[PDB]
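Below: the structure, in structure tokens.
So basically every Cβ, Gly included, is an ideal-geometry build from the backbone, and we count neighbours across all protein chains shown. Nothing in this text is a laboratory measurement; each read-out follows from the coordinates by a stated rule.
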Protein chains: 4
Amino acid sequence: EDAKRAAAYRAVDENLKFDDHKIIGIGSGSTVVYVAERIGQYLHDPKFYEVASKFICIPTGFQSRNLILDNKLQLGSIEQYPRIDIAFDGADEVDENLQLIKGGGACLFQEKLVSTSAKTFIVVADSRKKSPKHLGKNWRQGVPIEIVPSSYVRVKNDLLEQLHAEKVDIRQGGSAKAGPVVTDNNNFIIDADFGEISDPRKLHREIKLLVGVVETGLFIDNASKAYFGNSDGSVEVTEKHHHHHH
Amino acid sequence: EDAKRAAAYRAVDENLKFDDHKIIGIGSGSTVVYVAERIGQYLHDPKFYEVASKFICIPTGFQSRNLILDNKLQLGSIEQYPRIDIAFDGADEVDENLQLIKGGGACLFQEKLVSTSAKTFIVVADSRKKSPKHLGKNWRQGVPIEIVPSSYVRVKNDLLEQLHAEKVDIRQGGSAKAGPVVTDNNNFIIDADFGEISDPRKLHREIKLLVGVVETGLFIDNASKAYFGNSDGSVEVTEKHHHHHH
Amino acid sequence: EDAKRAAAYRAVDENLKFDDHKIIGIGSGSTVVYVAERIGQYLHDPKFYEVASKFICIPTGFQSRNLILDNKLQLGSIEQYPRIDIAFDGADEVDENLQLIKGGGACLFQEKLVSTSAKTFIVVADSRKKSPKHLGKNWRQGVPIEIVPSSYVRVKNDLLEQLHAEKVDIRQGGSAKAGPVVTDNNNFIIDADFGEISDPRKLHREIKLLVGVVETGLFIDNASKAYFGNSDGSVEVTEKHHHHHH
Amino acid sequence: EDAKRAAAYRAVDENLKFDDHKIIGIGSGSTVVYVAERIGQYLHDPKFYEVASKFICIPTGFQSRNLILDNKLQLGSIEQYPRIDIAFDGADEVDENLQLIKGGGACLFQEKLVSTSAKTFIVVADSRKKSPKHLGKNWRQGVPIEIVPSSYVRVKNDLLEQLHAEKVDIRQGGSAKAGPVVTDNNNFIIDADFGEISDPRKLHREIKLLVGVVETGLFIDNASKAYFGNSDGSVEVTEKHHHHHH
């Protein structure tokens, strides 16, 4: 939690341009908590209250919608505000090229609709999310894939037989819900282990073309920067072209 | 698990009438596992295989659908088989009048559609489910209530303000899903604590009449018997009119 | 269309209180078009622009959401604005006691969630909607009933067998969609003919208690006034206690 | 209706192999009516009753499910029977290479899930469906595209801006439902006019990769034959490699 907040405040302070940005994407993170918190803080500041009052915040589902309202920020919809200025969100893993695995919380669809509608997309995470090189290195649970519910047998068959997935499960709802997770868009989630992914761009397209697949947890050529919090208060940043700094 | 299986085998053996019953409701239990198992066993028996081959099993959602198929039983739909002969299911709590709290797994709607379509409804549970007297005694988490998603503020307001609920939460999906649980019928779940419920019949009607409420986890005048497993291998049975035996 | 607009402008002018009302319910009408239009006109007026700029308009689904935006009014959600000051909507039929049949457009659920969240509810219609006495007199197509999709056989059976409905059909989608209409809340619609309905309050409760029923198109003790347009430009008003005037 | 039935009976008689085929896909046609009818007729025949009794018929949504049951055929689900032997369905237009436009009834998703799960796919239509050359020649209403509901602005923007669509509309529900059609999979439908489509394979992939797109009405390299009924009782057949005959 320590690390999570560190990354978030730097991400907002360095990238949110009070002169340029009005439509802000707020993601489904447990790290974004501190993004919404930071933005909320600017609204409590007499210096920025007037400009921050006018920010319209676009959610990526229910926790996100909640984080916005609870921070007293204006809540908009992506349908009314389709051109987003800047979006902040978490990630389940980030690779050396700022390709992401997302969807650990089953909200990958609206996360991607928002992030790919944004001029700038910023990821905020704790340092464990930063892979030595490839997606699928430390996030071992699979690429989340949102699917039409009637297709779960077909999609599982295709992922195994055509795409050579190593492991494919329809995500179940645990103690909160018996049987399959249903998303905010009324879909199922498959978690598909592909091992370490060397060509995530190619992998995404292959999964996306499948009959039954709604969207993948692979976010490709989208994030412009990722901020990673350390417990020790420090923050590392990954940018495009393999450039990284503290 | 011990206790759970004990109750299940007696429930089936004593109540499933191979001469009379063809359409069988199979519930969303973690105790029903052993009901489907028991029924499956009769199908592996040369004596009963021919009759049990012809059973059509009606599920109460995805685990249930799964338990049926995995036990090699014929799978039907409630729409095609609306008159069910006998249904078996679990319960989160059972009172002295065989009124039930159900919905701990968020499948209360299809559980009730099936159980109230059945001539006979049998509950199978471990002994912890058997209340000293009232619903809400040992199940402290609230009556599950399935609601239209846009209504969660309204329904919460009505439950608190009109019905004097003690605690009202929209169930969240835990680590499997960020934000609210979505059911198999695309709805939300509210868990509403009403304390110990002295008139569950009255309570059910009041909740059911609310704008936003789809169905309640209160199963009223439905169960004809409940079987309760003890670890010690013993099985207690509650029947109508406060009659109970081993 | 003539008549429809007449009723709408009087309804708004006489009932929208610029001093008292800020949260306005806008219904799913083809007559409400002219309600949203009228409200929009006040926003184009330098006298009222500042006050009308601050109105927050709560939709009852997609046409409604559209009418609001296209009239340049602020769009809110019922979840964020649960206490509505005044709501305007259409009706498929109105009886002498201002009980309504609604749901001809399959939006009855969100229509009722909004209208019953409002301090004041005003109906706007053309004169054909005004029954000589009872609901079911000139609207012959049935009471719309929103139902959980898996329950359509059960609900039809109950409506016929328990409630003695005269005719029960699951509404089909016509040329736009093969098979059953699916609502904005992912439900089916049954249209149930009960003939002329002498006790709509009793009828509503009976349908609402059924397993599978989400909400009914019977709006009971909700509307405080109804405005009816004539082609001839005239407007008749029905109020509580059988009082009617031009 | 005349023409529609002609095509259907020949399609079944020539392609349904009572020795080889057990799992049969039944489509969402208004022409398939006569396919299900024909199959049903074989079940009324003492010669074929025993073999046809064992056919399991996989539906492509509600009319289809209905056609199966009403013809007394066994009803299965694609999840339980994922490998389909032969599927029959209609089409909104067929080109010279047996590429199809489908989705006029908003059931394109489950139609494609079924047809692409089949070893053999046969189209049955009246002669108006047979384009002189290209898709989009006589079907002028657009390629149906199933989309996640929150994405309708984004998808419309992408179709116009990236793919140069000529016309893009979110399909509305007509008199049966105010606002957007919702499909059996809880999605919206966009009808996108691309004019006459010279490379439907390329077009399908481009639309399918879009954020918000669930599935397209472009069925590519799927149909092995198409039967076209004439009023005059005659039937024309298109096969692979531009081969056509009566």
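Of note:
- Taking a ≥ b ≥ c as the square roots of the eigenvalues of the alpha carbon gyration tensor, the protein assembly as shown is rounded, as a/c is under 1.5.
- Once backbone amide H atoms are built at 1.01 Å from N, A:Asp126 has A:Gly229 as its partners under 5 Å, excluding neighbours fewer than 5 places away on the same chain.
- The magnitude of the dipole of the range B:72-152, with charges of +1 and -1 set on the Cβ of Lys/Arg and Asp/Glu and taken from the Cα centre, is near 200 debye.
- Three-way shape call for the range C:76-197 based on the alpha-carbon gyration tensor, with the a/c threshold at 1.5: oblate
- Residues B:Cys57, A:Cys107, ranked from the fewest to the most other C-beta atoms within 10 Å, line up as B:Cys57, A:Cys107.
- Among the listed pairs A:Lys17/B:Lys177; C:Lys17/C:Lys119; A:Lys47/C:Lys47, a Cα-Cα separation exceeding 24 Å is found for A:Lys17/B:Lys177; A:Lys47/C:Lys47.
- Counts of other chain beta carbons within 10 angstrom of each beta carbon in peptide B:169-177 average 6.
- A:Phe194 long-range amide H proximity, modeled H, under 5 Å: A:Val143, A:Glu166
- Between the alpha-carbon centres of the range B:119-187 and the range C:140-207 there is a gap of 27 Å.
- In straight-distance terms, cross-link reach from C:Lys130 covers every one of the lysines whose alpha-carbon lies under 20 Å from its own, apart from those fewer than eight places away in the same chain; here that gives C:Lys4, C:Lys102, C:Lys112, C:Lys225, C:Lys240.
- Label 7 Å beyond Cα on the Cβ vector: B:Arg205 copy-to-copy distances, nm: 0.7, 6.4, 6.4
- In chain A, the calculated helix contribution to ellipticity at 222 nm averages -7500 deg cm²/dmol per residue, counting -39,500 (n - 2.57) for every DSSP H run with n ≥ 4.
- By DSSP, the beta bridges lying fully in the protein assembly as shown are antiparallel in about 55 percent of cases.
- For the axis carrying chain D to chain B: nearest C-beta residue of D, whole Å: D:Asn186, 3
- Antiparallel beta bridges, as assigned by DSSP with both residues in chain D, represent about 55 percent of the total such bridges.
- Degrees between helix C:33-43 axis and first principal axis of chain C (Cα, 0 to 90, nearest 10): 20
- Across the range C:94-110, coupling constants 3J(HN,Hα) worked out from phi with the 6.51/-1.76/1.60 Karplus curve, θ = phi - 60°, read 10, 9, 6, 9, 6, 8, 10, 9, 9, x, x, x, 6, 10, 4, 5, 6 Hz, and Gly and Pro carry x.
- 3J(HN,Hα) from dihedral phi, the range A:207-219, Karplus parametrisation 6.51/-1.76/1.60, rounded to Hz, x for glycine, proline: 5, 4, 6, 5, 5, x, 7, 8, 7, 9, x, 9, 9
- Rounded to whole numbers, the Karplus 3J(HN,Hα) couplings from phi for the range A:117-122 are 8, 9, 5, 10, 10, 10 Hz, using 6.51 cos²θ - 1.76 cosθ + 1.60 with θ = phi - 60°, and x at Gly and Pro.
- Take B:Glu166, push a point 7 Å out from Cα through the beta-carbon direction, and compare it with the same point in every other copy: 4.9, 5.0, 6.8 nm, smallest first.
- Relative contact order (percent, whole number), chain B, Cα cutoff 8 Å, 6+ residue spacing: 23
- Averaged over the residues of peptide C:148-157, the number of Cβ atoms from other protein chains lying within 10 Å of each residue's Cβ is 6.
- Taken about its Cα centre, the protein assembly as shown carries a charge dipole of about 0 debye when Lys and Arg each add +1 at the Cβ and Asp and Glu each add -1 at the Cβ.
- Loop-resident trypsin sites (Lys or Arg not before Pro) (DSSP state other than H, G, I, E or B) in the range B:166-241 with no more than 16 further Cβ atoms inside 10 Å of their Cβ: B:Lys240.
- GNM flexibility winner over chain D from D:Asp20, D:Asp70, D:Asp193 (Cα, springs under 10 Å): D:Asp20
- When the Cα positions of C:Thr60, C:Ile86, C:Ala106 are compared along the charge dipole of the range C:58-159, C:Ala106 comes out farthest toward the positive end, with charges on each C-beta of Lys, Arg, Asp and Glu.
- Using a 7 Å projection from Cα along Cα-to-Cβ, the label point at B:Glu96 is separated from the same position in the remaining copies by 5.1, 7.2, 8.5 nm, smallest value first.
- Dipole magnitude (debye, nearest 20) for the range D:134-217, charges at Cβ of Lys, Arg, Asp, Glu: 60
- Peptide C:116-124 shows a mean partner chain C-beta count of 1 within 10 Å per residue C-beta.
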